[PDB]
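Observations on the model geometry
Each chain, written out:
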Protein chains: 2
Amino acid sequence: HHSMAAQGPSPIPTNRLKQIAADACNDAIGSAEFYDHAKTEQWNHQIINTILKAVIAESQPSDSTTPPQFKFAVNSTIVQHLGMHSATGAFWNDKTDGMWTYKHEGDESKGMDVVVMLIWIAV
Amino acid sequence: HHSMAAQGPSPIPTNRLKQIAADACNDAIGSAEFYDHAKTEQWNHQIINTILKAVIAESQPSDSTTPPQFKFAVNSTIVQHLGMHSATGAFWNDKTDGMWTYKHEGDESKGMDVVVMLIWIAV
């Protein structure tokens, strides 16, 4: 994946985002030995709720006099192993808005990858 | 794909979004007989730029006294045929913000699908 659009700094340090996403994916599918189409919905739901709860919490201003300053969208995709190329463009505020993507690579026996993308939008 | 989050009406009628996306995909990969990893970047770039240009244009207020009211993000993914499940959650304004997704199904010989997602964010 690669962004076509210029962008602002993440309200959350990208090393923390990486940890949030890696932990979310691990909690959801870490013990899974195979891709199971019957569980992908449950898996994706758990990943997204985990990440969203974490980024909402940690993007909050320390003081009550300042309300949440960022909207977030979080997408999670589970892809069964085979060829995949993704791109993102935007019409937004290049000083403040942006995206970050994460790939949770499954090993040989896993038979699936998890790709996560987070968008933040100021105000 | 399915959204986990409640949402507002599209600033552009969804039948028009469907046409924009279908035409963009057709223009980019309509004449392609096979999946080619060496062309996916060019294909995705064309699709996204086409869609973005169209949605920017048609979301503009008719009057100059009112500036653009929506930010947009557009993601395009080209997937080689094999198992794929996607989900989206959000922390946004449920009265005004939302997402829309489109799948351009490739026939047997095509060997690839195109999935498009558009997010709109008020103000």
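This section reports on the structure supplied with the text. Residue indices run from 1 on each chain, following the sequence as it is written; they may not match the entry's numbering, and residues absent from the coordinates are omitted. Chain labels run from A onward and ligand labels from 1 onward, assigned in the order the entries are written. For the side-chain quantities, the full set of heavy atoms in the structure was used; hydrogens and water were omitted.

The helix count covers DSSP runs of H or I at least four residues long, the strand count covers runs of E at least two residues long, and both are numbered beginning at the N terminus. When you go through chain A residue by residue, the secondary structure sums to two helices and five strands. For chain A, the succession of helices and strands along the chain, N to C, is β-α-α-β-β-β-β. Its C-alpha atoms give chain A principal-axis dimensions of roughly 50 × 30 × 25 Å. Taken over 123 residues, chain A has a buried fraction of 49%. Of the roughly 6100 Å² that chain A leaves accessible, carbon and sulfur atoms contribute 50%. Only protein chains enter the accessibility calculation, which uses a 1.4 Å probe; a residue whose area is less than 20% of its type maximum is buried, one above 50% is exposed, and one in between is partly exposed. Surface accessibility in these figures is a Shrake-Rupley result with a 1.4 Å probe; residues are shielded only by whichever protein chains are displayed.

Note on helix geometry: an α-helix contains 3.6 residues per turn, so any two residues three or four positions apart are oriented the same way. Residue and element names in this part refer to chain B. Each residue after the first adds 1.5 Å to the expected span of a helix. The terminal C-alpha atoms of helix α1 (residues 14–29) lie 22 Å apart, and with 16 residues this matches the ideal 22 Å at 1.5 Å per residue to within 8%. Looking only at α1, the buried set comprises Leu 17, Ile 20, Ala 21, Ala 22, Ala 24, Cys 25, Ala 28 and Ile 29. Contacts are residue-level and defined by heavy atoms, with any inter-residue pair within 4.5 Å sufficient. As for α1, its buried residues are in contact with α2 (40–58), β4 (98–104) and β5 (112–122).

This part is about the nonpolar core. Buried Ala, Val, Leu, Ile, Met, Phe, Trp, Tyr and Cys residues form a nonpolar core when they are joined through side-chain atoms within 4.5 Å. Within the largest apolar cluster, 31 residues are counted, with the highest numbers of intra-cluster contacts made by A:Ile47, A:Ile51 and A:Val55. When contributions to this core are tallied by element, the ones reaching two or more residues are α1 (14–29), α2 (40–58), β2 (70–80), β4 (98–104) and β5 (112–122) of chain A. Among all residues touching A:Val55, those that are not within four sequence positions of it are A:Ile12, A:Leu17, A:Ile20 and A:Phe72. One finds A:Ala87, B:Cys25, B:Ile51 and B:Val116 within the second-largest nonpolar core, a separate group that totals 29 residues.

This next bit is on the sheet that holds β5(A). Strand pairing within a sheet occurs via backbone hydrogen bonds; the two strands may be parallel or antiparallel. The strand order β4(A)-β5(A)-β2(A)-β3(B)-β1(B) describes an open sheet built from five strands, whose pairing is mixed. Both outer strands of the open sheet, β4 of chain A together with β1 (2–3) of chain B, are each paired with one neighbouring strand and no more. At least two bridges found by DSSP between two strands are what make those strands a pair.

Right, let's get into the sheet that holds strand β2 (residues 70–80) of chain B. Strand order in the open sheet formed by five strands is β1(A)-β3(A)-β2(B)-β5(B)-β4(B), with mixed pairing between adjacent strands. Single-partner strands in this sheet number two, and they are β1 (2–3) of chain A together with β4 of chain B. In this structure, strand β3 (residues 84–91) of chain A lies alongside β2(B), joined through eight bridges in antiparallel fashion. Residue pairing for β2(B): A:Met84 is matched across the bridge by B:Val79. Interaxial angles span 0 to 180 degrees and are taken between N-to-C directions of axes, which are lines fitted to C-alpha atoms, for helices over the stretch in contact. Of the strands in this sheet, β4 and β5 of chain B touch α1(B), which is tilted by about 40° from β4(B).

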